[PDB]
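Given as structure tokens, the chain that follows is alone and in the form deposited in one PDB entry.
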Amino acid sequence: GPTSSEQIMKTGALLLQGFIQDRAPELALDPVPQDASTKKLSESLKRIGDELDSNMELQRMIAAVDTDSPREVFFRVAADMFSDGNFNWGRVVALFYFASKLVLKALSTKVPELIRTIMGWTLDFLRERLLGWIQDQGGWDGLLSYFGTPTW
């Protein structure tokens, strides 16, 4: 049934997933259905969502402190969106919009940070194990004439 909690939850997840994906990626979930019904809903989501880019009440409500563990932010802000006991479709879509901004925010720190720590380990190993050898070769320009395949 269209009003059964099972269809509402199933559809809501499909809609949320597709909405986050468009605004940002293999989630290994159920794939978003391409039938007409779902398509109509996804397009309605996009139109209301796009309009929320210039909704500054929402931008204010959603603006977070640098580090505060996304979990803290999320529940407080979401309750805040609904704390007067009112509901409408706009606030529901605002909830999806907020989740999407929170993904973006987390990724813009977690990803560079991840790249940095791994590059840190690598350049550190290079400095301590490989540097003298590279010096003895005359620097990095030796790379230009390497055509071998390494074995171990």
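Numbers for residues come from their place in the sequence shown, where the first is 1. Rigid core (definition): largest C-alpha set, two forms, superposition within 1.5 Å.
What comes next is about the form deposited in another entry, which is not displayed.
A movement of the C-alpha atom of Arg60 reaching 2 angstroms or beyond is seen between this form and the one not shown when the two forms are aligned on their rigid core. Put the two forms on the same core and the Cα of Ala13 is off by less than 2 Å between this form and the one not shown. In contrast to the form presented, in the other entry the C-alpha positions of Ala13 and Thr67 draw closer by 3 Å or more. Inter-residue distance, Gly12 to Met61 (Cα): increased by at least 3 Å in the other entry versus the depicted form.
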